[PDB]
>>> print(open('start_38.cif').read())   # mmCIF, C-alpha atoms
data_data
#
loop_
_atom_site.label_atom_id
_atom_site.label_comp_id
_atom_site.auth_asym_id
_atom_site.auth_seq_id
_atom_site.Cartn_x
_atom_site.Cartn_y
_atom_site.Cartn_z
CA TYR A 1 95.91 147.50 83.22
CA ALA A 2 94.48 144.46 85.04
CA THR A 3 96.55 142.16 82.81
CA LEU A 4 99.75 144.20 82.61
CA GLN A 5 100.52 143.86 86.33
CA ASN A 6 99.68 140.14 86.05
CA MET A 7 102.68 137.88 85.48
CA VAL A 8 104.70 135.01 86.96
CA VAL A 9 108.16 136.07 88.20
CA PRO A 10 110.30 133.29 89.72
CA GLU A 11 112.94 134.24 92.26
CA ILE A 12 116.51 133.93 91.00
CA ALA A 13 118.83 131.40 92.65
CA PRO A 14 121.65 132.85 94.80
CA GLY A 15 124.74 133.01 92.61
CA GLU A 16 123.06 132.21 89.27
CA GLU A 17 123.02 134.23 86.06
CA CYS A 18 120.04 135.79 84.32
CA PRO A 19 117.59 133.52 82.46
CA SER A 20 117.82 134.17 78.72
CA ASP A 21 115.98 131.24 77.09
CA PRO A 22 112.27 130.51 77.74
CA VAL A 23 112.61 127.04 76.23
CA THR A 24 115.22 125.44 78.51
CA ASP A 25 115.67 127.48 81.70
CA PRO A 26 112.64 127.06 84.02
CA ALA A 27 113.45 130.28 85.91
CA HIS A 28 112.60 132.24 82.76
CA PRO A 29 109.11 133.80 83.09
CA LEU A 30 108.04 132.77 79.55
CA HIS A 31 108.82 129.09 80.21
CA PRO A 32 105.95 126.56 79.69
CA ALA A 33 106.01 125.84 83.43
CA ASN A 34 105.01 129.50 83.92
CA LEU A 35 102.56 129.93 81.00
CA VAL A 36 99.29 130.05 82.93
CA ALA A 37 95.91 130.76 81.37
CA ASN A 38 94.74 134.40 81.35
CA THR A 39 98.15 136.05 81.76
CA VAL A 40 100.41 138.25 79.68
CA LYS A 41 103.80 136.53 79.81
CA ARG A 42 101.96 133.56 78.38
CA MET A 43 100.52 136.13 76.01
CA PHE A 44 104.17 136.99 75.49
CA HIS A 45 104.27 133.33 74.38
CA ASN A 46 100.91 133.06 72.59
CA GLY A 47 102.02 136.01 70.55
CA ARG A 48 105.66 135.02 70.51
CA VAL A 49 107.95 137.79 71.74
CA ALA B 1 90.13 89.07 76.85
CA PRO B 2 89.34 90.07 73.26
CA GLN B 3 90.28 88.13 70.15
CA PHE B 4 90.48 90.13 66.93
CA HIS B 5 89.91 87.23 64.51
CA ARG B 6 86.18 86.90 65.37
CA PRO B 7 83.42 89.55 65.19
CA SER B 8 81.55 89.07 68.48
CA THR B 9 84.29 89.18 71.14
CA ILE B 10 85.18 92.90 71.24
CA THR B 11 83.35 94.92 73.92
CA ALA B 12 84.12 98.28 75.55
CA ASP B 13 85.96 96.68 78.48
CA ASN B 14 88.07 94.56 76.12
CA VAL B 15 89.71 97.52 74.35
CA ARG B 16 90.56 99.61 77.40
CA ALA B 17 92.09 96.72 79.37
CA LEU B 18 95.03 96.92 76.97
CA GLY B 19 96.96 100.17 76.76
CA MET B 20 98.33 102.14 73.83
CA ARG B 21 101.69 100.35 73.60
CA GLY B 22 100.34 96.79 73.80
CA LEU B 23 97.64 97.46 71.22
CA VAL B 24 100.38 98.30 68.71
CA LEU B 25 101.81 94.78 69.00
CA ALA B 26 98.74 92.51 69.28
CA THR B 27 96.96 94.08 66.29
CA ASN B 28 100.15 93.83 64.23
CA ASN B 29 100.48 90.18 65.33
CA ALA B 30 96.90 88.93 64.77
CA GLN B 31 95.35 86.33 62.43
CA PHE B 32 94.85 86.96 58.71
CA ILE B 33 91.79 84.71 58.29
CA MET B 34 88.56 86.17 59.69
CA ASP B 35 86.04 83.77 61.22
CA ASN B 36 82.35 84.28 60.42
CA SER B 37 80.47 81.50 62.25
CA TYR B 38 78.88 83.79 64.88
CA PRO B 39 79.08 87.47 63.91
CA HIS B 40 78.47 90.55 66.01
CA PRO B 41 74.73 90.65 66.89
CA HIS B 42 74.53 94.41 66.20
CA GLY B 43 76.07 93.72 62.78
CA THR B 44 79.68 93.59 61.69
CA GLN B 45 79.82 97.40 61.51
CA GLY B 46 78.41 97.81 65.02
CA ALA B 47 81.69 96.71 66.62
CA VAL B 48 83.50 99.44 64.67
CA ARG B 49 81.85 101.87 67.09
CA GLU B 50 82.85 99.54 69.94
CA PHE B 51 86.65 99.40 69.47
CA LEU B 52 87.58 103.00 68.61
CA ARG B 53 85.98 104.51 71.72
CA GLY B 54 88.82 102.81 73.61
CA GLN B 55 91.53 104.62 71.64
CA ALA B 56 90.76 108.25 72.48
CA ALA B 57 90.37 107.08 76.08
CA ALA B 58 93.74 105.31 75.80
CA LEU B 59 95.57 108.63 75.55
CA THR B 60 93.71 109.80 78.62
CA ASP B 61 95.58 106.84 80.08
CA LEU B 62 98.77 108.22 78.50
CA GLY B 63 97.72 111.64 79.75
CA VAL B 64 97.92 110.27 83.32
CA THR B 65 101.31 108.57 82.85
CA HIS B 66 102.47 111.94 81.46
CA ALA B 67 100.54 114.05 83.97
CA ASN B 68 103.93 114.14 85.71
CA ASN B 69 105.36 115.15 82.30
CA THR B 70 102.77 117.38 80.56
CA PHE B 71 100.84 120.38 81.85
CA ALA B 72 97.29 120.94 82.99
CA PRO B 73 95.03 121.86 80.05
CA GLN B 74 94.60 125.62 80.22
CA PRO B 75 91.63 127.07 78.31
CA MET B 76 92.82 127.59 74.76
CA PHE B 77 90.33 130.40 74.18
CA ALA B 78 88.63 133.29 75.93
CA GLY B 79 85.31 133.32 77.77
CA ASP B 80 86.56 130.83 80.40
CA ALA B 81 87.40 132.65 83.62
CA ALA B 82 85.72 132.79 87.02
CA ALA B 83 85.77 136.61 87.10
CA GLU B 84 84.64 138.47 83.99
CA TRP B 85 83.33 141.67 85.62
CA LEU B 86 86.77 143.04 86.60
CA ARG B 87 89.30 141.05 84.52
CA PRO B 88 89.09 139.51 81.02
CA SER B 89 89.77 135.96 79.89
CA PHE B 90 92.67 135.06 77.62
CA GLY B 91 93.21 131.71 76.00
CA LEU B 92 96.55 130.04 75.56
CA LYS B 93 97.54 129.26 72.02
CA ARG B 94 99.09 125.92 72.98
CA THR B 95 102.19 126.15 70.81
CA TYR B 96 104.30 125.33 73.89
CA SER B 97 105.89 121.92 74.55
CA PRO B 98 104.13 120.04 77.37
CA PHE B 99 107.33 119.14 79.15
CA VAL B 100 108.21 118.96 82.86
CA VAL B 101 111.81 118.24 83.87
CA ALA C 1 90.92 137.52 102.41
CA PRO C 2 88.78 139.13 99.70
CA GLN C 3 86.06 137.25 97.85
CA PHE C 4 85.97 138.15 94.16
CA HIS C 5 82.31 137.17 93.66
CA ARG C 6 81.12 140.01 95.95
CA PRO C 7 81.68 143.70 95.11
CA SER C 8 81.27 144.81 98.75
CA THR C 9 84.28 142.77 99.94
CA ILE C 10 87.34 144.05 98.04
CA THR C 11 89.24 146.85 99.79
CA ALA C 12 92.69 148.28 99.11
CA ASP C 13 94.26 146.52 102.10
CA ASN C 14 92.90 143.10 101.09
CA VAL C 15 94.67 143.24 97.72
CA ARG C 16 97.92 144.75 99.05
CA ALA C 17 98.36 142.22 101.87
CA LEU C 18 97.95 139.40 99.35
CA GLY C 19 101.08 138.79 97.31
CA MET C 20 101.35 139.37 93.57
CA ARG C 21 101.78 135.66 92.88
CA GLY C 22 98.93 134.83 95.27
CA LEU C 23 96.76 137.39 93.50
CA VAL C 24 96.94 135.35 90.29
CA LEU C 25 95.38 132.08 91.48
CA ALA C 26 92.91 133.78 93.84
CA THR C 27 91.21 135.53 90.92
CA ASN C 28 91.18 132.33 88.84
CA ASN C 29 89.48 130.24 91.57
CA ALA C 30 86.45 132.51 92.12
CA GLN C 31 82.74 131.81 91.55
CA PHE C 32 81.02 132.07 88.17
CA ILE C 33 77.79 133.26 89.81
CA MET C 34 77.88 137.00 90.51
CA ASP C 35 76.05 137.91 93.72
CA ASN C 36 73.87 141.03 93.82
CA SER C 37 72.64 140.83 97.43
CA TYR C 38 75.25 143.31 98.74
CA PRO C 39 76.73 145.64 96.10
CA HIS C 40 79.55 148.10 96.61
CA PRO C 41 78.46 151.34 98.36
CA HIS C 42 80.07 153.53 95.66
CA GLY C 43 78.30 151.60 92.90
CA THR C 44 79.51 148.83 90.62
CA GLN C 45 81.86 151.29 88.91
CA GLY C 46 83.36 152.14 92.31
CA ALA C 47 84.29 148.53 93.06
CA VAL C 48 86.54 148.59 89.99
CA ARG C 49 88.10 151.76 91.42
CA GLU C 50 88.92 150.12 94.76
CA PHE C 51 90.37 146.81 93.51
CA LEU C 52 93.07 148.08 91.13
CA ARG C 53 94.57 150.60 93.56
CA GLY C 54 95.86 147.62 95.57
CA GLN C 55 97.66 146.10 92.59
CA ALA C 56 99.80 149.16 91.84
CA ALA C 57 100.68 149.42 95.54
CA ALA C 58 101.80 145.78 95.30
CA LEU C 59 104.23 146.67 92.50
CA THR C 60 106.03 148.87 95.04
CA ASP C 61 106.17 145.86 97.37
CA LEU C 62 107.55 143.82 94.47
CA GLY C 63 110.28 146.42 93.99
CA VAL C 64 111.39 145.90 97.60
CA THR C 65 111.99 142.16 97.11
CA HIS C 66 113.88 142.96 93.88
CA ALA C 67 115.89 145.84 95.35
CA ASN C 68 118.91 143.51 95.48
CA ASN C 69 118.43 142.85 91.75
CA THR C 70 118.25 146.37 90.26
CA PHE C 71 119.96 149.64 91.15
CA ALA C 72 118.95 153.11 92.33
CA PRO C 73 116.91 154.87 89.61
CA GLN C 74 118.82 157.80 88.13
CA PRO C 75 116.95 160.95 87.03
CA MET C 76 115.87 160.55 83.43
CA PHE C 77 115.52 164.08 82.07
CA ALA C 78 116.75 167.65 82.13
CA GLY C 79 116.26 170.29 84.80
CA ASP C 80 116.94 168.16 87.90
CA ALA C 81 120.41 168.52 89.41
CA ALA C 82 121.80 169.74 92.73
CA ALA C 83 124.56 172.01 91.36
CA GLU C 84 123.26 173.45 88.09
CA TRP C 85 125.45 176.57 87.84
CA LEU C 86 128.64 174.60 86.99
CA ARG C 87 127.42 171.29 85.52
CA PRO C 88 124.12 170.35 83.81
CA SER C 89 121.47 167.75 84.68
CA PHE C 90 122.28 164.43 83.01
CA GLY C 91 119.77 161.71 82.11
CA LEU C 92 120.08 158.09 81.06
CA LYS C 93 118.76 156.41 77.96
CA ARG C 94 117.74 153.40 80.07
CA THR C 95 118.67 150.65 77.63
CA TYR C 96 121.18 148.89 79.90
CA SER C 97 120.81 145.62 81.84
CA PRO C 98 119.68 146.34 85.43
CA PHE C 99 121.15 143.27 87.09
CA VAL C 100 123.07 142.61 90.32
CA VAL C 101 125.26 139.51 90.36
#
>>> encode(input="start_38.cif", output="structure tokens")
Amino acid sequence: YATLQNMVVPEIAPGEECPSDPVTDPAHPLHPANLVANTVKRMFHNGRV
Amino acid sequence: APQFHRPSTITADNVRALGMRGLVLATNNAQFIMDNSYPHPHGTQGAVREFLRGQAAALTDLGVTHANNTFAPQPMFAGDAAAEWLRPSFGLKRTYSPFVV
Amino acid sequence: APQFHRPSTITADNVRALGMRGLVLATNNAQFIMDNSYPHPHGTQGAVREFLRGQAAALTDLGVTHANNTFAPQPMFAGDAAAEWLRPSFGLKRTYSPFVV
């Protein structure tokens, strides 16, 4: 449980759509700007889902 | 200032004073005929250790020019975290593209 | 401000007042040396009990900042409706996209 409530959630821009691609859009939480060590959305990217 | 066509000019400071891009050109534009009048005093294979230490340090130069382009090196494996008595340590499988817009 | 290298420092209010994003880097910048001069009064197993109650209370604070992003949560299952003698209690298969433009 200590690494399920442990993630990087960027705030959405006012008037922008939802981020769908982790590769291009930096507001996506699985983007390589957000893939920190010891976290689970990077573990969403280590094990790619 | 190193000169490649002689054995006893290359030192550690002579390799790292030129970067990665310039070392592509000057080694592809050097002299064919090797001089042998005064060789390297630690032998002609001793300078082989002397040059190539400056190459893996030359991408630490390119790591700095792309420190505004790549990411900080996260620990690739577990066991590396300040707190291990309440939280575990992951390690990032660095399949991602080090790429900052 | 809690110190993660001391078990007798972390309370529920120290974790909740710190943000969820600020809780990430504060746990990664702690000390590798674990101090045993002042343990937690409920034991070392009790310090694990105190720390994680502040994280789940911070998920409720995260739902407040994202209340303009999702909607009001509908009742999921049977048996819960105001007027049950003329219409039943509905429940959503929550597979939609909770998103406010």
>>> closest_residue(input="start_38.cif", among="B:94, B:87, B:42, B:21", to="residue 43 of chain A", atoms="only C-alpha atoms")
B:94
>>> residues_near_point(input="start_38.cif", point="(103.3, 133.5, 96.1)", cutoff="12 Å", atoms="all atoms listed in the file", output="VMD selection string")
(chain A and resid 7 to 11) or (chain C and resid 17 to 26 62)
>>> axis_aligned_box(input="start_38.cif", around="segment 59-63 of chain B", padding_each_side="4 Å", output="JSON")
{"center_x": 96.2, "center_y": 109.2, "center_z": 77.8, "size_x": 13.1, "size_y": 12.8, "size_z": 12.5}
>>> resolve_selection(input="start_38.cif", expression="the PyMOL selection byres ((chain A) within 9 of (chain B))", output="MDAnalysis selection string")
chainID A and resid 2:3 23 26 31:33 35:40 42:43 45:47
>>> calpha_fit_rmsd(input="start_38.cif", fixed="chain C", moving="chain B")
0.9 Å
>>> resolve_selection(input="start_38.cif", expression="the PyMOL selection byres ((chain C) within 12 of (chain B))", output="list in words")
residues 3, 4, 5, 6, 7, 10, 24, 25, 26, 27, 28, 29, 30, 31, 32, 33, 34, 35, 44, 45, 46, 47, 48, 49, 50, 51 and 52 of chain C
>>> residues_near_point(input="start_38.cif", point="(91.6, 89.8, 75.9)", cutoff="6 Å", atoms="all atoms listed in the file", output="list in words")
residues 1, 2 and 14 of chain B
>>> build_atoms(input="start_38.cif", residues="segment 36-47 of chain A", atoms="N, CA, C and O atoms", output="CSV table (one decimal), in the frame of the given file")
chain,number,residue,atom,x,y,z
A,36,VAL,N,100.6,130.3,82.4
A,36,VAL,CA,99.3,130.0,82.9
A,36,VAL,C,98.3,130.6,82.0
A,36,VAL,O,98.6,131.5,81.1
A,37,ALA,N,97.0,130.1,82.0
A,37,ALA,CA,95.9,130.8,81.4
A,37,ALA,C,95.7,132.2,81.9
A,37,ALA,O,96.0,132.5,83.1
A,38,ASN,N,95.2,133.0,81.0
A,38,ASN,CA,94.7,134.4,81.4
A,38,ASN,C,95.9,135.3,81.9
A,38,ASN,O,95.6,136.1,82.8
A,39,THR,N,97.1,135.1,81.4
A,39,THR,CA,98.2,136.0,81.8
A,39,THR,C,99.0,136.5,80.5
A,39,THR,O,98.8,136.0,79.4
A,40,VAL,N,99.9,137.5,80.8
A,40,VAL,CA,100.4,138.2,79.7
A,40,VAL,C,101.8,137.8,79.3
A,40,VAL,O,102.3,137.9,78.2
A,41,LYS,N,102.5,137.1,80.2
A,41,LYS,CA,103.8,136.5,79.8
A,41,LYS,C,103.6,135.2,79.1
A,41,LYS,O,104.5,134.8,78.3
A,42,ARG,N,102.4,134.6,79.3
A,42,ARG,CA,102.0,133.6,78.4
A,42,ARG,C,101.4,134.2,77.1
A,42,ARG,O,101.4,133.6,76.1
A,43,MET,N,100.9,135.4,77.2
A,43,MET,CA,100.5,136.1,76.0
A,43,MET,C,101.8,136.8,75.4
A,43,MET,O,101.7,137.1,74.2
A,44,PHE,N,102.9,136.9,76.1
A,44,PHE,CA,104.2,137.0,75.5
A,44,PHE,C,104.6,135.7,74.8
A,44,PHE,O,105.5,135.7,73.9
A,45,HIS,N,103.9,134.6,75.1
A,45,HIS,CA,104.3,133.3,74.4
A,45,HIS,C,103.2,132.9,73.4
A,45,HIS,O,103.5,132.1,72.5
A,46,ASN,N,101.9,133.3,73.6
A,46,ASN,CA,100.9,133.1,72.6
A,46,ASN,C,101.2,133.9,71.4
A,46,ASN,O,101.4,133.3,70.3
A,47,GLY,N,101.3,135.2,71.5
A,47,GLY,CA,102.0,136.0,70.6
A,47,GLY,C,103.5,136.1,70.9
A,47,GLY,O,103.9,136.8,71.8
